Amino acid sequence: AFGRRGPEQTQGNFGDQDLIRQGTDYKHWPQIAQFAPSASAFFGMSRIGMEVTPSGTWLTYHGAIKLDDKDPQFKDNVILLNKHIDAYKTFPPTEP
């Protein structure tokens, strides 16, 4: 969908092979998706910008979401997210 995971600025870096294979069918997808911002939160929280490069006009965004560390699921949420962040570094190269 958004291409191969990898280290480049134009690549996404999130997702292990199960999330890649299964997408929204992945057993822990709801537990991940809860951290995704609503449209209101995305435009309300983020630093939004616009840039014009040789490939077109881009709407840039960045920000940071504070995890609720009083949530009983906090420690497990952190483990789950960490599992997927830069997971590609762990992949067999013959993957897929």
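In case it trips you up, residue 1 is the first one in the sequence shown, and so on.
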Of 31 to 39 and 65 to 73, the one with larger mean CA B-factor | 65 to 73
With reference to the PDB entry, specify whether the mean Cα temperature factor is higher for 74 to 82 or for 9 to 17.
-> 74 to 82
Which third, lowest, middle or highest, does the CA B-factor of residue 46 fall in along this chain?
-> lowest
C-alpha B factor of residue 57, ranked within the chain: lowest, middle or highest third?
-> middle
